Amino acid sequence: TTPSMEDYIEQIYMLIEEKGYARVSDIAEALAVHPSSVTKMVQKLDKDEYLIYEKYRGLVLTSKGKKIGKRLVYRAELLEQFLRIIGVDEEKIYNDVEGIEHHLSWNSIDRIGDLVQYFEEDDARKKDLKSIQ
């Protein structure tokens, strides 16, 4: 998966979970992309077997698509939590995560996860960190 591919699967996952389906119109709006570009990507993902097209619904995710999707959602969520814990401007967190999410090994994600846990279990660690700012 490329960065674009990962953003599409993650965005299709978010849509099924929150609403109940993925149509190309919703993808185009959400991702800030042209509708025909979504078509060419849906093709790639279908052939690479990340998704199926159901007839009177829209895009459904395969078994593989859903495993990848949930992993992508988790990663984005953790990175946001991480930048929020460390004190990054709220306005900047989403732009940072949008870019950095594709360029970290899972080993880094594993370790960022442990770092989040470190701060979550003792509030005094967070206060100490914030005193340095």
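Residue positions are given as counts along the sequence shown, with the first one as 1.
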query	finding
Entry-level comparison of average CA B-factors, 113-121 and 20-28, reporting the higher stretch	20-28
Between the two ranges 73-81 and 35-43, the one averaging a larger CA B factor in the entry	35-43
Largest Cα B-factor, entry values, listed residues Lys55, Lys67, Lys92, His103	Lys55
Ranked C-alpha temperature factor of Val97 among modelled chain residues, by third	lowest
Third assignment of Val88 from its chain's C-alpha B-factors	lowest
